[PDB]
Amino acid sequence: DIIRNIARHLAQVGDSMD
Amino acid sequence: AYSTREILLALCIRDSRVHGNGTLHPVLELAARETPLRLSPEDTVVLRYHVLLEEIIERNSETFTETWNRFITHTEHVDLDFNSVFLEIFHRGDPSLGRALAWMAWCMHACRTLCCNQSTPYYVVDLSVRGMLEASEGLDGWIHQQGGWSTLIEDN
């Protein structure tokens with residue numbers, strides 16, 4: 001699940017900036 | 001307008017010039033010839049984004065360090081996985097300013113970590129720059145809907 005998880009972290013950082 | 005490929009590449013070059021010994025990885029310089037980069041890495045728009053992306057990197061340094069290290073150490077095709085990760089964020093999710101900035105910052109951090117380490121094989125730098133640059137073309141349609149890279153950061 002490495003790619004899925006990495007993408008989730010980046011989604012979260014992206015979202016924490018909105 | 002400026003494509004995402006141009007701006008990200010300009011950013012990696014810009015970032016290269018303000019880090020390490022300032023020298024430029026051959027893979028990057030060749031990328032600037034082949035794209036071809038028309039946007040100057042000293043362009044004001046690049047100066048702004050570079051400061052912003054570095055701030056995002058700092059604020060999220062532990063996250064960026066662990067995710068990148070995990071990514072590059074378990075990948076068997078780093079170019080393909082750049083495209084895979086992008087896909088999760090932007091096709092199986094909606095694009096936003098937040099998400100775009102995080103993606104760009106993460107790519108810039110990727111390129112810095114690879115190129116600041118002289119023991120990094122060229123083919124890895126080669127595939128990584130290839131991967132991040134093609135995956136990033138996917139933002140073009142969205143940021144164009146938003147008015148372009150220049151408009152996103154400057155007005156507001």
# chains A, B, ... in the order shown; residues from 1 in each chain; ligands from 1
>>> residues_around(residues="residue 64 (chain B)", least_positions_apart="3", cutoff="9 Å", atoms="only C-alpha atoms", output="ChimeraX atom specification")
/A:9-10 /B:57-58,60-61,67-69,106,109-110
>>> residues_around(residues="residue 139 (chain B)", least_positions_apart="2", cutoff="12 Å", atoms="only C-alpha atoms", output="PyMOL selection string")
chain B and resi 2-5+7-8+83+86-87+89-91+94-97+99-101+103-104+132-137+141-146+148-149
>>> closest_residue(among="B:121, B:147, B:138, B:93", to="chain A", atoms="only C-alpha atoms")
B:93
>>> interface_residues(of="chain A", to="chain B", cutoff="6 Å", atoms="only C-alpha atoms", output="JSON, numbers by chain")
{"A": [3, 6, 7, 14, 15, 17, 18]}
>>> write_last_selection(atoms="C-alpha atoms", output="PDB file, in the first residue's frame")
ATOM      1  CA  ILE A   3       1.968   4.285  -3.245  1.00  0.00           C
ATOM      2  CA  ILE A   6       2.255   8.191   0.111  1.00  0.00           C
ATOM      3  CA  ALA A   7      -0.500   9.671  -2.020  1.00  0.00           C
ATOM      4  CA  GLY A  14      -2.595  19.516   0.347  1.00  0.00           C
ATOM      5  CA  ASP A  15      -5.860  19.549   2.294  1.00  0.00           C
ATOM      6  CA  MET A  17      -3.457  24.079   3.356  1.00  0.00           C
ATOM      7  CA  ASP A  18      -6.985  24.753   2.135  1.00  0.00           C
TER       8      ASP A  18
END
>>> residues_around(residues="residue 16 (chain B)", least_positions_apart="4", cutoff="12 Å", atoms="only C-alpha atoms", output="number ranges by chain")
B: 9-12, 20-26, 28-29, 41-42, 50, 108-116
>>> write_last_selection(atoms="N, CA, C and O atoms", output="short mmCIF file (atom, residue, chain, number, x, y, z; two decimals), in the first residue's frame")
data_model
loop_
_atom_site.label_atom_id
_atom_site.label_comp_id
_atom_site.auth_asym_id
_atom_site.auth_seq_id
_atom_site.Cartn_x
_atom_site.Cartn_y
_atom_site.Cartn_z
N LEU B 9 10.40 22.30 -13.79
CA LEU B 9 11.79 22.15 -14.22
C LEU B 9 12.57 23.41 -13.86
O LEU B 9 13.68 23.31 -13.35
N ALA B 10 11.98 24.57 -14.12
CA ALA B 10 12.59 25.85 -13.75
C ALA B 10 12.84 25.87 -12.25
O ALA B 10 13.88 26.32 -11.79
N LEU B 11 11.88 25.35 -11.50
CA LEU B 11 11.99 25.31 -10.05
C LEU B 11 13.13 24.42 -9.59
O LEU B 11 13.85 24.77 -8.65
N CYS B 12 13.29 23.26 -10.24
CA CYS B 12 14.36 22.33 -9.84
C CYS B 12 15.72 22.94 -10.14
O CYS B 12 16.67 22.84 -9.35
N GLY B 20 23.64 23.31 -2.27
CA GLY B 20 24.89 22.61 -2.51
C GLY B 20 26.00 23.52 -2.99
O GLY B 20 26.25 24.57 -2.41
N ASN B 21 26.68 23.11 -4.07
CA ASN B 21 27.72 23.93 -4.67
C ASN B 21 27.18 24.70 -5.88
O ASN B 21 27.94 25.26 -6.68
N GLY B 22 25.85 24.70 -6.01
CA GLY B 22 25.18 25.43 -7.07
C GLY B 22 25.22 24.79 -8.45
O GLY B 22 24.45 25.18 -9.33
N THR B 23 26.06 23.76 -8.62
CA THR B 23 26.20 23.14 -9.94
C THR B 23 24.92 22.41 -10.38
O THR B 23 24.04 22.15 -9.55
N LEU B 24 24.82 22.08 -11.68
CA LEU B 24 23.56 21.51 -12.19
C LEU B 24 23.75 20.10 -12.74
O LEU B 24 24.60 19.83 -13.60
N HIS B 25 22.91 19.20 -12.24
CA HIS B 25 22.98 17.82 -12.68
C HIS B 25 22.80 17.74 -14.17
O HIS B 25 21.92 18.39 -14.72
N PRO B 26 23.65 16.96 -14.84
CA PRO B 26 23.52 16.78 -16.28
C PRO B 26 22.10 16.37 -16.72
O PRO B 26 21.65 16.85 -17.76
N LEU B 28 19.26 17.23 -15.50
CA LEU B 28 18.46 18.46 -15.50
C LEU B 28 18.79 19.41 -16.64
O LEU B 28 17.89 19.94 -17.29
N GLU B 29 20.08 19.60 -16.90
CA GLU B 29 20.51 20.49 -17.93
C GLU B 29 20.04 19.96 -19.27
O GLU B 29 19.45 20.67 -20.06
N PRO B 41 14.77 30.21 -14.93
CA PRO B 41 14.68 29.90 -13.49
C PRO B 41 14.92 31.10 -12.55
O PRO B 41 14.79 30.93 -11.34
N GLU B 42 15.28 32.26 -13.09
CA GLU B 42 15.41 33.50 -12.33
C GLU B 42 14.16 34.37 -12.58
O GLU B 42 14.11 35.53 -12.19
N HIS B 50 9.43 29.26 -5.67
CA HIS B 50 10.52 28.54 -5.02
C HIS B 50 10.53 28.80 -3.51
O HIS B 50 10.76 27.88 -2.73
N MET B 108 9.87 18.89 -6.06
CA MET B 108 11.07 19.67 -5.86
C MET B 108 11.94 19.07 -4.76
O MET B 108 13.17 19.00 -4.91
N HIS B 109 11.33 18.62 -3.67
CA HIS B 109 12.11 17.98 -2.60
C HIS B 109 12.74 16.69 -3.10
O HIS B 109 13.83 16.31 -2.68
N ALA B 110 12.03 16.00 -3.98
CA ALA B 110 12.52 14.76 -4.55
C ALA B 110 13.79 15.03 -5.35
O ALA B 110 14.80 14.34 -5.20
N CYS B 111 13.70 16.02 -6.22
CA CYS B 111 14.80 16.36 -7.09
C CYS B 111 16.04 16.87 -6.29
O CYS B 111 17.15 16.52 -6.61
N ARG B 112 15.82 17.67 -5.26
CA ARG B 112 16.91 18.10 -4.39
C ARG B 112 17.61 16.91 -3.72
O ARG B 112 18.84 16.80 -3.77
N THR B 113 16.83 15.98 -3.16
CA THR B 113 17.44 14.87 -2.44
C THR B 113 18.24 13.97 -3.35
O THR B 113 19.31 13.50 -2.99
N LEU B 114 17.74 13.76 -4.55
CA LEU B 114 18.45 12.91 -5.50
C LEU B 114 19.74 13.52 -5.92
O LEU B 114 20.78 12.89 -5.79
N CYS B 115 19.67 14.75 -6.42
CA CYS B 115 20.81 15.48 -6.99
C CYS B 115 21.82 16.04 -5.98
O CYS B 115 22.88 16.50 -6.39
N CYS B 116 21.49 16.08 -4.69
CA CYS B 116 22.45 16.61 -3.72
C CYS B 116 23.29 15.47 -3.18
O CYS B 116 24.25 15.69 -2.45
#
>>> atom_distance(atom1="CA of residue 13 (chain A)", atom2="CA of residue 48 (chain B)")
19.7 Å
>>> atom_distance(atom1="CA of residue 11 (chain A)", atom2="CA of residue 6 (chain B)")
23.2 Å
>>> atom_distance(atom1="CA of residue 123 (chain B)", atom2="CA of residue 34 (chain B)")
16.7 Å
>>> select_by_dssp(residues="region 26-122 of chain B", states="alpha helix (DSSP H)", output="PyMOL selection string")
chain B and resi 26-34+44-59+61-74+78-90+97-115+122
>>> decode(residues="chain A", atoms="N, CA, C and O atoms", output="PDB file, in the first residue's frame")
ATOM      1  N   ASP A   1       0.804  -1.217   0.000  1.00  0.00           N
ATOM      2  CA  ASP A   1       0.000   0.000   0.000  1.00  0.00           C
ATOM      3  C   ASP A   1       0.843   1.277   0.000  1.00  0.00           C
ATOM      4  O   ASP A   1       0.313   2.373   0.203  1.00  0.00           O
ATOM      5  N   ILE A   2       2.151   1.133  -0.235  1.00  0.00           N
ATOM      6  CA  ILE A   2       3.093   2.271  -0.222  1.00  0.00           C
ATOM      7  C   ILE A   2       2.704   3.464  -1.109  1.00  0.00           C
ATOM      8  O   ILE A   2       2.584   4.587  -0.628  1.00  0.00           O
ATOM      9  N   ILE A   3       2.448   3.220  -2.381  1.00  0.00           N
ATOM     10  CA  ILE A   3       1.968   4.285  -3.245  1.00  0.00           C
ATOM     11  C   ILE A   3       0.640   4.901  -2.826  1.00  0.00           C
ATOM     12  O   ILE A   3       0.451   6.123  -2.909  1.00  0.00           O
ATOM     13  N   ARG A   4      -0.280   4.072  -2.356  1.00  0.00           N
ATOM     14  CA  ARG A   4      -1.572   4.597  -1.959  1.00  0.00           C
ATOM     15  C   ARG A   4      -1.378   5.490  -0.732  1.00  0.00           C
ATOM     16  O   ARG A   4      -1.841   6.629  -0.695  1.00  0.00           O
ATOM     17  N   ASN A   5      -0.607   5.003   0.232  1.00  0.00           N
ATOM     18  CA  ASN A   5      -0.359   5.753   1.453  1.00  0.00           C
ATOM     19  C   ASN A   5       0.392   7.054   1.213  1.00  0.00           C
ATOM     20  O   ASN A   5      -0.034   8.106   1.710  1.00  0.00           O
ATOM     21  N   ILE A   6       1.498   6.988   0.467  1.00  0.00           N
ATOM     22  CA  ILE A   6       2.255   8.191   0.111  1.00  0.00           C
ATOM     23  C   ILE A   6       1.295   9.222  -0.494  1.00  0.00           C
ATOM     24  O   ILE A   6       1.315  10.420  -0.142  1.00  0.00           O
ATOM     25  N   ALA A   7       0.442   8.756  -1.399  1.00  0.00           N
ATOM     26  CA  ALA A   7      -0.500   9.671  -2.020  1.00  0.00           C
ATOM     27  C   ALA A   7      -1.466  10.225  -0.992  1.00  0.00           C
ATOM     28  O   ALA A   7      -1.977  11.330  -1.158  1.00  0.00           O
ATOM     29  N   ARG A   8      -1.709   9.474   0.082  1.00  0.00           N
ATOM     30  CA  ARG A   8      -2.676   9.937   1.075  1.00  0.00           C
ATOM     31  C   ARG A   8      -2.045  11.020   1.942  1.00  0.00           C
ATOM     32  O   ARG A   8      -2.659  12.070   2.147  1.00  0.00           O
ATOM     33  N   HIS A   9      -0.807  10.802   2.396  1.00  0.00           N
ATOM     34  CA  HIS A   9      -0.069  11.855   3.088  1.00  0.00           C
ATOM     35  C   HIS A   9      -0.062  13.164   2.312  1.00  0.00           C
ATOM     36  O   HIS A   9      -0.353  14.218   2.870  1.00  0.00           O
ATOM     37  N   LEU A  10       0.256  13.093   1.020  1.00  0.00           N
ATOM     38  CA  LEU A  10       0.339  14.292   0.191  1.00  0.00           C
ATOM     39  C   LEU A  10      -1.057  14.912   0.013  1.00  0.00           C
ATOM     40  O   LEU A  10      -1.221  16.144  -0.004  1.00  0.00           O
ATOM     41  N   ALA A  11      -2.078  14.064  -0.045  1.00  0.00           N
ATOM     42  CA  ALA A  11      -3.448  14.581  -0.100  1.00  0.00           C
ATOM     43  C   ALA A  11      -3.768  15.353   1.179  1.00  0.00           C
ATOM     44  O   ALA A  11      -4.390  16.413   1.123  1.00  0.00           O
ATOM     45  N   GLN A  12      -3.318  14.826   2.321  1.00  0.00           N
ATOM     46  CA  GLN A  12      -3.545  15.462   3.616  1.00  0.00           C
ATOM     47  C   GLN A  12      -2.820  16.802   3.745  1.00  0.00           C
ATOM     48  O   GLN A  12      -3.368  17.763   4.290  1.00  0.00           O
ATOM     49  N   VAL A  13      -1.612  16.890   3.186  1.00  0.00           N
ATOM     50  CA  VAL A  13      -0.829  18.106   3.342  1.00  0.00           C
ATOM     51  C   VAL A  13      -1.481  19.127   2.438  1.00  0.00           C
ATOM     52  O   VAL A  13      -1.678  20.289   2.813  1.00  0.00           O
ATOM     53  N   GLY A  14      -1.893  18.659   1.266  1.00  0.00           N
ATOM     54  CA  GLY A  14      -2.595  19.516   0.347  1.00  0.00           C
ATOM     55  C   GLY A  14      -3.857  20.047   0.995  1.00  0.00           C
ATOM     56  O   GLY A  14      -4.166  21.230   0.859  1.00  0.00           O
ATOM     57  N   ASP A  15      -4.563  19.182   1.728  1.00  0.00           N
ATOM     58  CA  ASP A  15      -5.860  19.549   2.294  1.00  0.00           C
ATOM     59  C   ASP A  15      -5.691  20.449   3.515  1.00  0.00           C
ATOM     60  O   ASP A  15      -6.448  21.397   3.692  1.00  0.00           O
ATOM     61  N   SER A  16      -4.645  20.218   4.299  1.00  0.00           N
ATOM     62  CA  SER A  16      -4.400  21.051   5.466  1.00  0.00           C
ATOM     63  C   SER A  16      -4.057  22.498   5.087  1.00  0.00           C
ATOM     64  O   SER A  16      -4.010  23.377   5.951  1.00  0.00           O
ATOM     65  N   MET A  17      -3.829  22.747   3.800  1.00  0.00           N
ATOM     66  CA  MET A  17      -3.457  24.079   3.356  1.00  0.00           C
ATOM     67  C   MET A  17      -4.663  24.822   2.821  1.00  0.00           C
ATOM     68  O   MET A  17      -4.579  26.009   2.537  1.00  0.00           O
ATOM     69  N   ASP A  18      -5.780  24.122   2.661  1.00  0.00           N
ATOM     70  CA  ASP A  18      -6.985  24.753   2.135  1.00  0.00           C
ATOM     71  C   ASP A  18      -7.794  25.443   3.237  1.00  0.00           C
ATOM     72  O   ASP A  18      -7.655  26.650   3.471  1.00  0.00           O
TER      73      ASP A  18
END
